[PDB]
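Student: What follows is protein.pdb, PDB, N, CA and C atoms.
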```
ATOM      1  N   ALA A   1     -12.385   4.212  16.145
ATOM      2  CA  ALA A   1     -11.686   3.163  15.351
ATOM      3  C   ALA A   1     -12.123   3.257  13.889
ATOM      4  N   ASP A   2     -11.795   4.340  13.247
ATOM      5  CA  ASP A   2     -12.188   4.521  11.817
ATOM      6  C   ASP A   2     -11.214   3.773  10.899
ATOM      7  N   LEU A   3     -11.164   4.164   9.654
ATOM      8  CA  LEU A   3     -10.252   3.502   8.675
ATOM      9  C   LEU A   3      -8.843   3.382   9.271
ATOM     10  N   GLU A   4      -8.439   4.334  10.055
ATOM     11  CA  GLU A   4      -7.073   4.283  10.644
ATOM     12  C   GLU A   4      -6.898   2.991  11.441
ATOM     13  N   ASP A   5      -7.961   2.455  11.972
ATOM     14  CA  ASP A   5      -7.832   1.204  12.771
ATOM     15  C   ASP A   5      -7.616  -0.001  11.855
ATOM     16  N   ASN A   6      -8.306  -0.084  10.739
ATOM     17  CA  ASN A   6      -8.086  -1.249   9.831
ATOM     18  C   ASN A   6      -6.573  -1.363   9.626
ATOM     19  N   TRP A   7      -5.934  -0.238   9.474
ATOM     20  CA  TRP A   7      -4.462  -0.217   9.315
ATOM     21  C   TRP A   7      -3.825  -0.837  10.568
ATOM     22  N   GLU A   8      -4.373  -0.541  11.719
ATOM     23  CA  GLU A   8      -3.804  -1.085  12.984
ATOM     24  C   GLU A   8      -3.837  -2.609  12.940
ATOM     25  N   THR A   9      -4.958  -3.188  12.600
ATOM     26  CA  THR A   9      -5.019  -4.675  12.523
ATOM     27  C   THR A   9      -3.865  -5.136  11.643
ATOM     28  N   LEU A  10      -3.758  -4.537  10.499
ATOM     29  CA  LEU A  10      -2.668  -4.872   9.563
ATOM     30  C   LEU A  10      -1.325  -4.509  10.202
ATOM     31  N   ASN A  11      -1.298  -3.546  11.071
ATOM     32  CA  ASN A  11      -0.001  -3.162  11.685
ATOM     33  C   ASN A  11       0.550  -4.319  12.510
ATOM     34  N   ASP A  12      -0.112  -4.630  13.584
ATOM     35  CA  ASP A  12       0.357  -5.733  14.459
ATOM     36  C   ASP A  12       0.622  -6.959  13.611
ATOM     37  N   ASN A  13       0.062  -7.016  12.438
ATOM     38  CA  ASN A  13       0.302  -8.221  11.612
ATOM     39  C   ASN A  13       1.774  -8.222  11.179
ATOM     40  N   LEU A  14       2.205  -7.231  10.439
ATOM     41  CA  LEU A  14       3.638  -7.190  10.025
ATOM     42  C   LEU A  14       4.512  -7.307  11.273
ATOM     43  N   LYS A  15       4.055  -6.763  12.359
ATOM     44  CA  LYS A  15       4.842  -6.808  13.619
ATOM     45  C   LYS A  15       5.129  -8.253  14.026
ATOM     46  N   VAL A  16       4.129  -9.082  14.080
ATOM     47  CA  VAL A  16       4.354 -10.474  14.504
ATOM     48  C   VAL A  16       5.189 -11.241  13.473
ATOM     49  N   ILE A  17       4.796 -11.316  12.224
ATOM     50  CA  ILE A  17       5.650 -12.085  11.249
ATOM     51  C   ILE A  17       7.087 -11.580  11.399
ATOM     52  N   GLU A  18       7.250 -10.290  11.479
ATOM     53  CA  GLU A  18       8.605  -9.717  11.667
ATOM     54  C   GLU A  18       9.196 -10.257  12.972
ATOM     55  N   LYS A  19       8.359 -10.499  13.959
ATOM     56  CA  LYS A  19       8.851 -11.001  15.285
ATOM     57  C   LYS A  19       8.123 -12.300  15.659
ATOM     58  N   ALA A  20       7.833 -13.130  14.690
ATOM     59  CA  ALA A  20       7.110 -14.405  14.976
ATOM     60  C   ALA A  20       7.971 -15.313  15.855
ATOM     61  N   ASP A  21       9.251 -15.070  15.898
ATOM     62  CA  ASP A  21      10.164 -15.922  16.714
ATOM     63  C   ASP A  21      10.215 -17.335  16.121
ATOM     64  N   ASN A  22       9.130 -17.790  15.553
ATOM     65  CA  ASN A  22       9.110 -19.156  14.946
ATOM     66  C   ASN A  22       8.069 -19.199  13.824
ATOM     67  N   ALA A  23       8.266 -20.044  12.850
ATOM     68  CA  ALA A  23       7.285 -20.136  11.732
ATOM     69  C   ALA A  23       5.875 -20.324  12.296
ATOM     70  N   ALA A  24       5.762 -20.667  13.547
ATOM     71  CA  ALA A  24       4.411 -20.876  14.139
ATOM     72  C   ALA A  24       3.652 -19.546  14.227
ATOM     73  N   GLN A  25       4.196 -18.565  14.903
ATOM     74  CA  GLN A  25       3.470 -17.268  15.022
ATOM     75  C   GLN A  25       3.340 -16.611  13.646
ATOM     76  N   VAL A  26       4.068 -17.082  12.670
ATOM     77  CA  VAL A  26       3.958 -16.485  11.316
ATOM     78  C   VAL A  26       2.595 -16.886  10.743
ATOM     79  N   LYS A  27       2.294 -18.155  10.766
ATOM     80  CA  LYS A  27       0.986 -18.627  10.236
ATOM     81  C   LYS A  27      -0.138 -17.877  10.939
ATOM     82  N   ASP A  28       0.039 -17.629  12.199
ATOM     83  CA  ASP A  28      -0.995 -16.913  12.986
ATOM     84  C   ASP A  28      -1.211 -15.526  12.387
ATOM     85  N   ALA A  29      -0.202 -14.707  12.400
ATOM     86  CA  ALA A  29      -0.349 -13.327  11.852
ATOM     87  C   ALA A  29      -0.977 -13.360  10.460
ATOM     88  N   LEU A  30      -0.468 -14.169   9.579
ATOM     89  CA  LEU A  30      -1.040 -14.214   8.208
ATOM     90  C   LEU A  30      -2.519 -14.591   8.270
ATOM     91  N   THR A  31      -2.897 -15.445   9.177
ATOM     92  CA  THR A  31      -4.325 -15.816   9.280
ATOM     93  C   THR A  31      -5.135 -14.571   9.674
ATOM     94  N   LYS A  32      -4.546 -13.663  10.412
ATOM     95  CA  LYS A  32      -5.295 -12.425  10.782
ATOM     96  C   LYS A  32      -5.372 -11.552   9.530
ATOM     97  N   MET A  33      -4.289 -11.462   8.798
ATOM     98  CA  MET A  33      -4.306 -10.657   7.552
ATOM     99  C   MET A  33      -5.459 -11.163   6.689
ATOM    100  N   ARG A  34      -5.687 -12.448   6.651
ATOM    101  CA  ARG A  34      -6.841 -12.964   5.854
ATOM    102  C   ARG A  34      -8.078 -12.175   6.285
ATOM    103  N   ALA A  35      -8.274 -12.074   7.567
ATOM    104  CA  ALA A  35      -9.443 -11.322   8.089
ATOM    105  C   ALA A  35      -9.265  -9.834   7.773
ATOM    106  N   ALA A  36      -8.155  -9.270   8.168
ATOM    107  CA  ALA A  36      -7.902  -7.826   7.897
ATOM    108  C   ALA A  36      -7.795  -7.594   6.382
ATOM    109  N   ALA A  37      -7.484  -8.623   5.638
ATOM    110  CA  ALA A  37      -7.329  -8.479   4.163
ATOM    111  C   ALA A  37      -8.668  -8.149   3.504
ATOM    112  N   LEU A  38      -9.536  -9.111   3.407
ATOM    113  CA  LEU A  38     -10.842  -8.849   2.743
ATOM    114  C   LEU A  38     -11.611  -7.792   3.533
ATOM    115  N   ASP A  39     -11.321  -7.648   4.794
ATOM    116  CA  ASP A  39     -12.030  -6.601   5.564
ATOM    117  C   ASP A  39     -11.674  -5.283   4.895
ATOM    118  N   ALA A  40     -10.440  -5.147   4.489
ATOM    119  CA  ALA A  40     -10.040  -3.917   3.772
ATOM    120  C   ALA A  40     -10.859  -3.836   2.482
ATOM    121  N   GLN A  41     -11.311  -4.968   1.962
ATOM    122  CA  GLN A  41     -12.154  -4.937   0.715
ATOM    123  C   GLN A  41     -13.211  -3.857   0.927
ATOM    124  N   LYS A  42     -13.745  -3.811   2.121
ATOM    125  CA  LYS A  42     -14.778  -2.780   2.467
ATOM    126  C   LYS A  42     -14.213  -1.778   3.487
ATOM    127  N   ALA A  43     -12.918  -1.600   3.520
ATOM    128  CA  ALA A  43     -12.315  -0.631   4.483
ATOM    129  C   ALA A  43     -10.867  -0.374   4.074
ATOM    130  N   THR A  44     -10.678   0.271   2.958
ATOM    131  CA  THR A  44      -9.302   0.555   2.443
ATOM    132  C   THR A  44      -9.152   2.072   2.242
ATOM    133  N   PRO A  45      -7.947   2.605   2.294
ATOM    134  CA  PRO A  45      -7.712   4.066   2.132
ATOM    135  C   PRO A  45      -8.693   4.767   1.168
ATOM    136  N   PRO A  46      -9.056   4.172   0.052
ATOM    137  CA  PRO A  46     -10.002   4.783  -0.909
ATOM    138  C   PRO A  46     -11.437   4.274  -0.703
ATOM    139  N   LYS A  47     -11.642   3.441   0.285
ATOM    140  CA  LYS A  47     -12.999   2.882   0.556
ATOM    141  C   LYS A  47     -13.682   2.500  -0.764
ATOM    142  N   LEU A  48     -12.923   2.324  -1.824
ATOM    143  CA  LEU A  48     -13.525   1.973  -3.153
ATOM    144  C   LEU A  48     -14.771   2.839  -3.379
ATOM    145  N   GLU A  49     -15.902   2.444  -2.865
ATOM    146  CA  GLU A  49     -17.113   3.284  -3.038
ATOM    147  C   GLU A  49     -16.879   4.617  -2.329
ATOM    148  N   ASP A  50     -16.580   5.649  -3.062
ATOM    149  CA  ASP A  50     -16.348   6.977  -2.424
ATOM    150  C   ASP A  50     -17.685   7.721  -2.380
ATOM    151  N   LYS A  51     -18.698   7.124  -2.947
ATOM    152  CA  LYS A  51     -20.049   7.750  -2.967
ATOM    153  C   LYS A  51     -21.063   6.672  -3.367
ATOM    154  N   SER A  52     -21.094   6.308  -4.622
ATOM    155  CA  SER A  52     -22.017   5.250  -5.084
ATOM    156  C   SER A  52     -21.749   4.960  -6.568
ATOM    157  N   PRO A  53     -20.559   4.511  -6.900
ATOM    158  CA  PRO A  53     -20.194   4.194  -8.314
ATOM    159  C   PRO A  53     -21.223   3.262  -8.966
ATOM    160  N   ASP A  54     -21.272   2.032  -8.527
ATOM    161  CA  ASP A  54     -22.242   1.052  -9.100
ATOM    162  C   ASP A  54     -22.834   0.221  -7.957
ATOM    163  N   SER A  55     -21.977  -0.462  -7.221
ATOM    164  CA  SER A  55     -22.380  -1.326  -6.050
ATOM    165  C   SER A  55     -22.074  -2.817  -6.317
ATOM    166  N   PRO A  56     -22.351  -3.379  -7.485
ATOM    167  CA  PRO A  56     -22.008  -4.802  -7.756
ATOM    168  C   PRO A  56     -20.520  -4.917  -8.113
ATOM    169  N   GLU A  57     -20.033  -3.970  -8.872
ATOM    170  CA  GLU A  57     -18.601  -3.971  -9.275
ATOM    171  C   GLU A  57     -17.721  -3.946  -8.024
ATOM    172  N   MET A  58     -18.313  -3.908  -6.866
ATOM    173  CA  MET A  58     -17.497  -3.866  -5.626
ATOM    174  C   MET A  58     -16.751  -5.193  -5.468
ATOM    175  N   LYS A  59     -17.430  -6.304  -5.417
ATOM    176  CA  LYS A  59     -16.677  -7.582  -5.261
ATOM    177  C   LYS A  59     -15.590  -7.648  -6.342
ATOM    178  N   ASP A  60     -15.853  -7.134  -7.517
ATOM    179  CA  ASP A  60     -14.797  -7.163  -8.564
ATOM    180  C   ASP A  60     -13.576  -6.446  -7.994
ATOM    181  N   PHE A  61     -13.794  -5.391  -7.246
ATOM    182  CA  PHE A  61     -12.638  -4.695  -6.624
ATOM    183  C   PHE A  61     -11.882  -5.752  -5.820
ATOM    184  N   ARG A  62     -12.602  -6.690  -5.242
ATOM    185  CA  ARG A  62     -11.928  -7.793  -4.508
ATOM    186  C   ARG A  62     -10.947  -8.430  -5.477
ATOM    187  N   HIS A  63     -11.317  -8.516  -6.726
ATOM    188  CA  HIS A  63     -10.400  -9.117  -7.728
ATOM    189  C   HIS A  63      -9.034  -8.445  -7.609
ATOM    190  N   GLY A  64      -9.006  -7.144  -7.476
ATOM    191  CA  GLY A  64      -7.693  -6.432  -7.338
ATOM    192  C   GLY A  64      -7.049  -6.832  -6.006
ATOM    193  N   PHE A  65      -7.797  -6.756  -4.941
ATOM    194  CA  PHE A  65      -7.271  -7.148  -3.602
ATOM    195  C   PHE A  65      -6.994  -8.650  -3.621
ATOM    196  N   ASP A  66      -7.785  -9.374  -4.347
ATOM    197  CA  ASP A  66      -7.601 -10.839  -4.402
ATOM    198  C   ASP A  66      -6.169 -11.124  -4.853
ATOM    199  N   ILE A  67      -5.659 -10.321  -5.755
ATOM    200  CA  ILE A  67      -4.262 -10.520  -6.231
ATOM    201  C   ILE A  67      -3.294 -10.269  -5.077
ATOM    202  N   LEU A  68      -3.207  -9.044  -4.628
ATOM    203  CA  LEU A  68      -2.264  -8.731  -3.521
ATOM    204  C   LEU A  68      -2.546  -9.655  -2.324
ATOM    205  N   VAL A  69      -3.786  -9.827  -1.952
ATOM    206  CA  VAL A  69      -4.102 -10.733  -0.814
ATOM    207  C   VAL A  69      -3.755 -12.184  -1.177
ATOM    208  N   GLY A  70      -3.622 -12.480  -2.442
ATOM    209  CA  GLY A  70      -3.317 -13.882  -2.852
ATOM    210  C   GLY A  70      -1.904 -14.278  -2.435
ATOM    211  N   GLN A  71      -0.926 -13.473  -2.729
ATOM    212  CA  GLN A  71       0.462 -13.854  -2.347
ATOM    213  C   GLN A  71       0.657 -13.738  -0.834
ATOM    214  N   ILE A  72      -0.136 -12.955  -0.154
ATOM    215  CA  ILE A  72       0.050 -12.868   1.323
ATOM    216  C   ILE A  72      -0.180 -14.261   1.904
ATOM    217  N   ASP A  73      -1.363 -14.778   1.732
ATOM    218  CA  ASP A  73      -1.670 -16.126   2.266
ATOM    219  C   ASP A  73      -0.668 -17.123   1.699
ATOM    220  N   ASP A  74      -0.206 -16.928   0.501
ATOM    221  CA  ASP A  74       0.766 -17.907  -0.024
ATOM    222  C   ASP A  74       1.998 -17.870   0.868
ATOM    223  N   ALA A  75       2.198 -16.792   1.578
ATOM    224  CA  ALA A  75       3.347 -16.752   2.511
ATOM    225  C   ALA A  75       2.984 -17.691   3.658
ATOM    226  N   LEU A  76       1.714 -17.723   3.974
ATOM    227  CA  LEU A  76       1.193 -18.632   5.038
ATOM    228  C   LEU A  76       1.523 -20.053   4.603
ATOM    229  N   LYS A  77       1.379 -20.294   3.335
ATOM    230  CA  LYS A  77       1.680 -21.620   2.753
ATOM    231  C   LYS A  77       3.168 -21.923   2.913
ATOM    232  N   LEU A  78       3.968 -20.965   2.589
ATOM    233  CA  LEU A  78       5.427 -21.109   2.681
ATOM    234  C   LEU A  78       5.835 -21.315   4.147
ATOM    235  N   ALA A  79       5.458 -20.416   5.013
ATOM    236  CA  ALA A  79       5.826 -20.562   6.452
ATOM    237  C   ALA A  79       5.554 -21.998   6.912
ATOM    238  N   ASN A  80       4.500 -22.609   6.437
ATOM    239  CA  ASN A  80       4.229 -24.017   6.848
ATOM    240  C   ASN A  80       5.369 -24.886   6.316
ATOM    241  N   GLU A  81       5.977 -24.467   5.238
ATOM    242  CA  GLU A  81       7.119 -25.240   4.665
ATOM    243  C   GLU A  81       8.412 -24.800   5.367
ATOM    244  N   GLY A  82       8.300 -23.951   6.358
ATOM    245  CA  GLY A  82       9.509 -23.495   7.113
ATOM    246  C   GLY A  82      10.146 -22.258   6.464
ATOM    247  N   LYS A  83       9.355 -21.323   5.995
ATOM    248  CA  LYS A  83       9.928 -20.085   5.370
ATOM    249  C   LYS A  83       9.867 -18.936   6.373
ATOM    250  N   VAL A  84      10.616 -19.038   7.426
ATOM    251  CA  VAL A  84      10.623 -17.959   8.458
ATOM    252  C   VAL A  84      11.137 -16.641   7.859
ATOM    253  N   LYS A  85      12.336 -16.641   7.339
ATOM    254  CA  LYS A  85      12.915 -15.394   6.762
ATOM    255  C   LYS A  85      12.198 -15.047   5.452
ATOM    256  N   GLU A  86      12.037 -16.012   4.608
ATOM    257  CA  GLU A  86      11.371 -15.786   3.302
ATOM    258  C   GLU A  86       9.944 -15.261   3.528
ATOM    259  N   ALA A  87       9.195 -15.871   4.403
ATOM    260  CA  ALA A  87       7.810 -15.376   4.651
ATOM    261  C   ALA A  87       7.890 -13.959   5.221
ATOM    262  N   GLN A  88       8.852 -13.704   6.066
ATOM    263  CA  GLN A  88       8.992 -12.334   6.640
ATOM    264  C   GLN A  88       9.334 -11.364   5.503
ATOM    265  N   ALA A  89      10.188 -11.771   4.605
ATOM    266  CA  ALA A  89      10.543 -10.879   3.467
ATOM    267  C   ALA A  89       9.268 -10.586   2.680
ATOM    268  N   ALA A  90       8.461 -11.588   2.478
ATOM    269  CA  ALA A  90       7.192 -11.369   1.741
ATOM    270  C   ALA A  90       6.366 -10.354   2.525
ATOM    271  N   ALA A  91       6.646 -10.218   3.791
ATOM    272  CA  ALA A  91       5.895  -9.241   4.618
ATOM    273  C   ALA A  91       6.191  -7.819   4.119
ATOM    274  N   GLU A  92       7.444  -7.479   3.959
ATOM    275  CA  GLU A  92       7.785  -6.109   3.477
ATOM    276  C   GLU A  92       7.189  -5.907   2.079
ATOM    277  N   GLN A  93       6.746  -6.961   1.453
ATOM    278  CA  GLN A  93       6.129  -6.817   0.110
ATOM    279  C   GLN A  93       4.734  -6.224   0.319
ATOM    280  N   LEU A  94       4.049  -6.661   1.335
ATOM    281  CA  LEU A  94       2.697  -6.104   1.617
ATOM    282  C   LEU A  94       2.836  -4.638   2.040
ATOM    283  N   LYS A  95       3.815  -4.336   2.849
ATOM    284  CA  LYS A  95       4.010  -2.925   3.293
ATOM    285  C   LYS A  95       4.191  -2.031   2.064
ATOM    286  N   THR A  96       5.235  -2.260   1.316
ATOM    287  CA  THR A  96       5.496  -1.425   0.114
ATOM    288  C   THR A  96       4.395  -1.633  -0.933
ATOM    289  N   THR A  97       3.727  -2.764  -0.934
ATOM    290  CA  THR A  97       2.650  -2.970  -1.952
ATOM    291  C   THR A  97       1.734  -1.746  -1.938
ATOM    292  N   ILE A  98       1.157  -1.459  -0.807
ATOM    293  CA  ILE A  98       0.255  -0.282  -0.681
ATOM    294  C   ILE A  98       1.008   1.000  -1.075
ATOM    295  N   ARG A  99       2.116   1.283  -0.451
ATOM    296  CA  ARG A  99       2.863   2.525  -0.789
ATOM    297  C   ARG A  99       3.242   2.550  -2.283
ATOM    298  N   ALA A 100       3.818   1.490  -2.790
ATOM    299  CA  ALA A 100       4.219   1.475  -4.235
ATOM    300  C   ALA A 100       2.981   1.665  -5.110
ATOM    301  N   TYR A 101       1.886   1.115  -4.688
ATOM    302  CA  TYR A 101       0.621   1.243  -5.452
ATOM    303  C   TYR A 101       0.158   2.695  -5.351
ATOM    304  N   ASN A 102       0.867   3.481  -4.566
ATOM    305  CA  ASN A 102       0.502   4.913  -4.307
ATOM    306  C   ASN A 102      -0.391   4.888  -3.089
ATOM    307  N   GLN A 103       0.142   4.517  -1.946
ATOM    308  CA  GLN A 103      -0.705   4.405  -0.750
ATOM    309  C   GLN A 103      -1.948   3.621  -1.163
ATOM    310  N   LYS A 104      -1.686   2.465  -1.707
ATOM    311  CA  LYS A 104      -2.725   1.548  -2.189
ATOM    312  C   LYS A 104      -3.488   2.225  -3.332
ATOM    313  N   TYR A 105      -4.589   2.866  -3.103
ATOM    314  CA  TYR A 105      -5.292   3.536  -4.252
ATOM    315  C   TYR A 105      -5.959   4.822  -3.773
ATOM    316  N   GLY A 106      -5.511   5.340  -2.675
ATOM    317  CA  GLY A 106      -6.099   6.602  -2.140
ATOM    318  C   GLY A 106      -5.522   7.800  -2.896
TER     319      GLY A 106
END
```
Rewrite the coordinates I just gave you, this time as structure tokens.
Tutor:
Amino acid sequence: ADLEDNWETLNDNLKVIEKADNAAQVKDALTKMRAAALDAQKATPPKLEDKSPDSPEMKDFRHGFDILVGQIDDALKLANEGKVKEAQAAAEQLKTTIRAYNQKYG
């Protein structure tokens, strides 16, 4: 279960919001992304630290993920307001986010 697995956690995530059936399972999946989100902070395609850049500037890298991860949970906020389709659309934003970013930053 190497880096390829972190992607798996994130995989089933888009899967459920896409198939949440109800705004209820949407909040659930997004709550997992919260976990899989910052977890990627220390487990992302570029693993940020590819050797030993500095070590403290790492949480700052969270600042970058904090942005993309910020609108994800905001979808969690919306789904609570009944944004089933809209929250799902925000889902394809996370998918292309990484690819558009150039496979995130790898």
Student: Just to confirm, what's the straight-line distance from atom C of residue 9 of chain A to atom N of residue 58 of chain A in Å (one decimal)?
Tutor: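 Atom-to-atom, atom C of residue 9 of chain A to atom N of residue 58 of chain A, that is 23.5 Å.
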Student: Restricting the calculation to only N, CA and C atoms: of A:24, A:10, A:89, A:79, which residue gets closest to residue 36 of chain A?
Tutor: A:10
Student: Using all atoms listed in the file, can you tell me which of A:94, A:38, A:68, A:23 comes closest to residue 81 of chain A?
Tutor: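 Among the listed residues, A:23 lies closest to residue 81 of chain A.
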Student: Taking the file as shown, find all residues satisfying the PyMOL selection byres ((chain A and resi 16) around 8) and write them as an MDAnalysis selection string.
Tutor: chainID A and resid 11:15 17:22 25:30 88
Student: Going by DSSP on the backbone, which bits of segment 21-52 of chain A are helix (DSSP H, G or I)? Write them as a PyMOL selection string, please.
Tutor: chain A and resi 23-41
Student: Let me know the residues the PyMOL selection byres (((chain A and resi 96-98 and name CA) around 12) and name CA) catches in the file above, as a PyMOL selection string.
Tutor: chain A and resi 7+10+14+40+44-46+65+67-69+71-72+89-95+99-106
Student: Record the distance separating atom CA of residue 8 of chain A and atom N of residue 54 of chain A, expressed in Å with one decimal.
Tutor: 27.9 Å
Student: Have a look at atom N of residue 51 of chain A and atom CA of residue 70 of chain A and let me know their distance in Å, one decimal.
Tutor: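 Taking atom N of residue 51 of chain A as the start and atom CA of residue 70 of chain A as the end point, the length is 26.0 Å.
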Student: Working from the structure I just supplied, which lacks atoms in segment 30-42 of chain A, can you model N, CA, C and O atoms there and output them as a tab-separated table (two decimals), keeping the file's coordinate frame?
Tutor:
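This is the output file result_35.tsv:
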```tsv
chain	number	residue	atom	x	y	z
A	30	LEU	N	-0.47	-14.17	9.58
A	30	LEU	CA	-1.04	-14.21	8.21
A	30	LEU	C	-2.52	-14.59	8.27
A	30	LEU	O	-3.32	-14.09	7.51
A	31	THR	N	-2.90	-15.44	9.18
A	31	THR	CA	-4.32	-15.82	9.28
A	31	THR	C	-5.14	-14.57	9.67
A	31	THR	O	-6.28	-14.42	9.29
A	32	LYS	N	-4.55	-13.66	10.41
A	32	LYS	CA	-5.30	-12.42	10.78
A	32	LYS	C	-5.37	-11.55	9.53
A	32	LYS	O	-6.40	-10.99	9.21
A	33	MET	N	-4.29	-11.46	8.80
A	33	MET	CA	-4.31	-10.66	7.55
A	33	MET	C	-5.46	-11.16	6.69
A	33	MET	O	-6.16	-10.40	6.09
A	34	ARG	N	-5.69	-12.45	6.65
A	34	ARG	CA	-6.84	-12.96	5.85
A	34	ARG	C	-8.08	-12.18	6.28
A	34	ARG	O	-8.83	-11.67	5.48
A	35	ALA	N	-8.27	-12.07	7.57
A	35	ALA	CA	-9.44	-11.32	8.09
A	35	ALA	C	-9.26	-9.83	7.77
A	35	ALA	O	-10.12	-9.21	7.18
A	36	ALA	N	-8.15	-9.27	8.17
A	36	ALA	CA	-7.90	-7.83	7.90
A	36	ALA	C	-7.80	-7.59	6.38
A	36	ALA	O	-7.97	-6.49	5.90
A	37	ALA	N	-7.48	-8.62	5.64
A	37	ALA	CA	-7.33	-8.48	4.16
A	37	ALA	C	-8.67	-8.15	3.50
A	37	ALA	O	-8.90	-7.04	3.07
A	38	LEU	N	-9.54	-9.11	3.41
A	38	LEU	CA	-10.84	-8.85	2.74
A	38	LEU	C	-11.61	-7.79	3.53
A	38	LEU	O	-12.44	-7.07	3.00
A	39	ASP	N	-11.32	-7.65	4.79
A	39	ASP	CA	-12.03	-6.60	5.56
A	39	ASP	C	-11.67	-5.28	4.89
A	39	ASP	O	-12.51	-4.42	4.70
A	40	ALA	N	-10.44	-5.15	4.49
A	40	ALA	CA	-10.04	-3.92	3.77
A	40	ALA	C	-10.86	-3.84	2.48
A	40	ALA	O	-11.11	-2.76	1.97
A	41	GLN	N	-11.31	-4.97	1.96
A	41	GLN	CA	-12.15	-4.94	0.72
A	41	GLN	C	-13.21	-3.86	0.93
A	41	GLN	O	-13.52	-3.08	0.05
A	42	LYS	N	-13.74	-3.81	2.12
A	42	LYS	CA	-14.78	-2.78	2.47
A	42	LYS	C	-14.21	-1.78	3.49
A	42	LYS	O	-14.95	-1.16	4.23
```
